[PDB]
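See structure below.
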Amino acid sequence: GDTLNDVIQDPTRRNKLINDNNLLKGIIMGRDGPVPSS
Amino acid sequence: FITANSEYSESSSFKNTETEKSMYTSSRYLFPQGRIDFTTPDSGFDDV
(Lines give C-alpha, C1' and ligand atoms only; values in the text may rest on other atoms or scores of the structure.)
Protein backbone atom coordinates (compact mmCIF):
# COMPACT_ATOMS: atom_id res chain seq x y z
CA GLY A 1 0.00 0.00 0.00
CA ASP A 2 2.36 2.69 -1.24
CA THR A 3 1.33 6.34 -1.31
CA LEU A 4 2.80 9.56 -2.68
CA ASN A 5 5.10 9.58 0.34
CA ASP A 6 6.82 6.37 -0.73
CA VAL A 7 7.17 7.74 -4.26
CA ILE A 8 8.59 11.08 -3.11
CA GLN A 9 11.13 9.56 -0.72
CA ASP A 10 12.70 7.50 -3.54
CA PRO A 11 14.67 9.64 -6.02
CA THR A 12 14.01 7.28 -8.93
CA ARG A 13 10.26 7.13 -8.29
CA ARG A 14 10.03 10.84 -7.50
CA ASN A 15 11.78 11.74 -10.74
CA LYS A 16 9.67 9.26 -12.71
CA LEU A 17 6.56 10.96 -11.33
CA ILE A 18 7.96 14.40 -12.17
CA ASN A 19 8.95 13.38 -15.70
CA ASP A 20 5.86 11.39 -16.68
CA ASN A 21 3.59 14.28 -15.66
CA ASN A 22 5.57 17.19 -17.17
CA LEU A 23 5.66 18.84 -13.76
CA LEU A 24 8.69 20.99 -14.61
CA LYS A 25 7.13 22.30 -17.84
CA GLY A 26 4.65 25.10 -18.40
CA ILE A 27 1.54 25.03 -20.56
CA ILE A 28 1.19 26.86 -23.88
CA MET A 29 -2.24 28.52 -24.07
CA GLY A 30 -2.65 28.51 -27.82
CA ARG A 31 -5.80 29.46 -29.68
CA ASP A 32 -6.26 25.75 -30.44
CA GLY A 33 -6.09 24.92 -26.73
CA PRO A 34 -3.58 24.25 -23.97
CA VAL A 35 -0.63 21.99 -24.72
CA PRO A 36 2.29 21.04 -22.44
CA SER A 37 5.60 22.65 -23.26
CA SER A 38 8.63 20.54 -24.13
CA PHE B 1 -91.05 -15.06 -76.84
CA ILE B 2 -87.36 -14.25 -76.17
CA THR B 3 -85.10 -13.32 -73.25
CA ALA B 4 -81.46 -12.24 -73.24
CA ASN B 5 -78.86 -11.58 -70.55
CA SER B 6 -75.31 -10.27 -70.29
CA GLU B 7 -72.81 -9.71 -67.50
CA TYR B 8 -69.34 -8.18 -67.39
CA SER B 9 -67.20 -8.08 -64.25
CA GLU B 10 -63.66 -6.71 -64.29
CA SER B 11 -61.20 -6.21 -61.45
CA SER B 12 -57.68 -4.89 -60.94
CA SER B 13 -55.24 -4.97 -58.03
CA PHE B 14 -51.76 -3.57 -57.45
CA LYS B 15 -49.30 -3.60 -54.54
CA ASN B 16 -45.82 -2.11 -54.23
CA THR B 17 -43.36 -2.18 -51.32
CA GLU B 18 -40.02 -0.36 -51.16
CA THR B 19 -37.60 -0.98 -48.29
CA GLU B 20 -34.30 0.80 -47.61
CA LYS B 21 -31.93 0.02 -44.75
CA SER B 22 -28.62 1.61 -43.83
CA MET B 23 -26.16 0.94 -41.02
CA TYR B 24 -22.73 2.32 -40.24
CA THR B 25 -20.35 1.78 -37.32
CA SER B 26 -17.16 3.75 -36.65
CA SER B 27 -14.72 2.78 -33.89
CA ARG B 28 -11.54 4.67 -33.00
CA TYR B 29 -9.04 3.59 -30.34
CA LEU B 30 -6.50 6.36 -29.71
CA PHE B 31 -3.69 5.54 -27.27
CA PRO B 32 -1.17 8.39 -27.16
CA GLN B 33 2.25 8.39 -25.58
CA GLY B 34 3.28 12.02 -25.91
CA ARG B 35 4.74 14.50 -28.33
CA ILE B 36 8.24 14.97 -29.76
CA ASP B 37 9.46 18.38 -30.92
CA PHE B 38 12.34 19.43 -33.15
CA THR B 39 13.72 22.96 -33.07
CA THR B 40 13.57 25.14 -36.19
CA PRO B 41 16.34 27.72 -36.82
CA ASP B 42 13.74 30.50 -36.65
CA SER B 43 13.17 29.58 -32.99
CA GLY B 44 16.65 30.81 -32.11
CA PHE B 45 17.24 28.11 -29.51
CA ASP B 46 20.69 26.61 -29.11
CA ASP B 47 19.49 23.04 -29.62
CA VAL B 48 18.55 23.14 -33.29
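Numbering starts fresh at 1 for the residues of each chain in the C-alpha coordinates, the chains themselves are lettered A, B, ... in the order given, and ligands are numbered from 1 as they appear.
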
Give me, as a tab-separated table, the closest atom pair and its distance (Å, one decimal) for every residue of chain B within a cut-off of 9 Å of chain A, counting only C-alpha atoms, rows sorted by chain and rising number.
residue	atom	partner	partner_atom	distance
B:35	CA	A:38	CA	8.3
B:36	CA	A:38	CA	7.9
B:37	CA	A:38	CA	7.2

Mind dumping the selected residues with N, CA and C atoms as a PDB file, in the first residue's frame?
ATOM      1  N   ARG B  35       4.398  13.702 -27.171  1.00  0.00           N
ATOM      2  CA  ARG B  35       4.742  14.504 -28.333  1.00  0.00           C
ATOM      3  C   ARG B  35       6.238  14.751 -28.358  1.00  0.00           C
ATOM      4  N   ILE B  36       6.821  14.714 -29.552  1.00  0.00           N
ATOM      5  CA  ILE B  36       8.241  14.967 -29.764  1.00  0.00           C
ATOM      6  C   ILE B  36       8.381  16.207 -30.632  1.00  0.00           C
ATOM      7  N   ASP B  37       9.236  17.132 -30.211  1.00  0.00           N
ATOM      8  CA  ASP B  37       9.461  18.384 -30.916  1.00  0.00           C
ATOM      9  C   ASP B  37      10.894  18.471 -31.416  1.00  0.00           C
TER      10      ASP B  37
END

Just the alpha helix (DSSP H) stuff from chain A, please, per backbone DSSP, written as a PyMOL selection string. chain A and resi 4-9+11-20

Pick out each residue of chain A that DSSP on the backbone tags as strand (DSSP E or B); I need them as JSON, numbers by chain. {"A": [27, 28, 29, 30, 33, 34, 35, 36]}
